[PDB]
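As structure tokens, one chain now follows by itself in the form deposited in one PDB entry.
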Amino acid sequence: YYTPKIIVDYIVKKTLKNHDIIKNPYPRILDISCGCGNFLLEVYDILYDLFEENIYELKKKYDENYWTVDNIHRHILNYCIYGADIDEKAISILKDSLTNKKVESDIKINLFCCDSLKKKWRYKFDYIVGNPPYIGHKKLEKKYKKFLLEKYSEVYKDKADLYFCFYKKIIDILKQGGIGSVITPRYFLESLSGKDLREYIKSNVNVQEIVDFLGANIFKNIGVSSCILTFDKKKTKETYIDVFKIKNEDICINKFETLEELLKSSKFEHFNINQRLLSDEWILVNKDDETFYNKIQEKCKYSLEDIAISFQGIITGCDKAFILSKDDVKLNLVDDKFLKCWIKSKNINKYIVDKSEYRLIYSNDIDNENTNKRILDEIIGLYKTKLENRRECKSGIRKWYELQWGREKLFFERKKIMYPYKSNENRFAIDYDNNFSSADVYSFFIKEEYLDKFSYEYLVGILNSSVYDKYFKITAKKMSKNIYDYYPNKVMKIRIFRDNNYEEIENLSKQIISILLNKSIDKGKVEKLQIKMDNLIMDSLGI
């Protein structure tokens, strides 16, 4: 959880580089989750140089006895550096580190061992920097979540993250005219959960700059995707955001001595976004992509949500109790009426699904424990303890052997389209085989009233096109290197069109499906057909 030095230096310089120490020699710089002091120790160094280089100007303008080089260390610690953290061992270490910068009478260091989200803050701050804790909805303590939902409701609801609240706290205790700079996960820029947080930021601070590392691995051995947000409360009217979006996610961050060298390089693209034009969604793309995205949005008269019914897959609550290999001998104990075909996200390709290798025991259809005791005793019951610990079993809503969220079978046992929940690219397939799946695969079918306007074959044709792959990724939620979330909260917002190319687009899609399903697959002709279809779609959308 140590922040790389190149990033820490950038964040501290972002807040302090243009501070007028002559005009205000008492800046308050705060790290609200300071830890061992990665940021605060750097703040000390930047401040010490700033005072030392202007010591004679300060001595002349103010108390000439107070402003001496020998007094800089005491002045910084008494008036300038502030830190908070729940870990007292970390605070104890940081207090010694700040004390040892000088090496008389004891100096008072403004370090607080507390919950920053609970501390009564007695004053606001000129500059706030740091790296807050990230805790999601599963890993956050439930008693603590009751407090967040009560006191941080403006940014924390439902599946929100703890670091949303730190954004609220930082914004709230930032002084008028102050600057804040933090590194957090990037997901709030796009996630459904971040909607209220994005609204809070946009309407309370001026966002100066967003550094989006997309799927690059900033923290070694940490599966998180990062961004750096810099914002102020200055009296400003232009309110444009500098956006630095990484171009190559494989870049090593230490290739340059400073992060500014990386941002100005070819490894990053830069563009500006007008904060006044931000909706509840933040479309952070360059001018070419915005033009591309807007062309499609205006041209398409329908969305998938308009024409389709979407649903999440089965959630058994314990897969090992209900999912068996189709060659497992224990399936001889299970009547075939209980057995469903089961696929994973890797089984979804463009246009068609791999033949399934697993079976789901649709245990909800087992009427009672004595009629099918063999299945319960020998297959499902091997995990009875874990099954009984599921929420709906402890409450009695669900029997110990039942699927936790078995949905409705009739939704799955029909022609439908399926796609993986996380993928590098658009993979929408037509399911012909009544496949069931877990929540790693999403499904939709077409509403009856739109069947004469849209066919499954036409839909997988355009949804798998290069145009729609780029189109979806403009606003999709970037998760990790080469992985986007394909979830209904964005997939169902995809807009679709219907025009004179409909018949030829549909016909090419049928050819691709026919080739994909034959014995000797010549994958090459599929690629040529896809190129022809992409041209038709670009012709249709005028790009």
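The first residue of the shown sequence is 1; numbering continues from there.
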(message) Are residue 277 and residue 278 truly consecutive in the deposited sequence, or are residues between them missing coordinates? Give the number as none, 1 to 3, 4 to 9, or 10 or more.
(response) none
(message) Using only C-alpha atoms and the B-factors in the entry, which stretch averages higher, 295-303 or 311-319?
(response) 295-303
(request) Output the stretch having the higher mean C-alpha B factor in the entry; the candidates are 387-395 and 362-370. (result) 362-370
(request) Please pick out which of 417, 353, 463, 376 has the largest Cα B-factor as recorded in the entry. (result) 376
(request) Would you mind checking which of 348, 114, 189, 341 has the top Cα temperature factor in the PDB entry? (result) 114
(message) For the chain shown, is the CA B-factor of residue 210 in the lowest, middle or highest third of its modelled residues?
(response) lowest
(request) Would you check the entry's CA temperature factor for residue 489 and let me know if it's in the chain's lowest, middle or highest third? (result) lowest
(request) Rank-wise, by C-alpha B-factor, drop residue 381 into the lowest, middle or highest third of its chain. (result) highest
(message) Which third, lowest, middle or highest, does the C-alpha temperature factor of residue 435 belong to within its own chain?
(response) lowest
(request) Place residue 536 in the lowest, middle or highest third of its chain's C-alpha B-factors, as listed in the PDB entry. (result) lowest
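This protein has a second form, the form deposited in another entry, left out of what is shown; the following refers to that one.
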(request) State the hinge position among 46, 453, 284, 171 for the rotation of one rigid part relative to another between the shown form and the other one. (result) 284
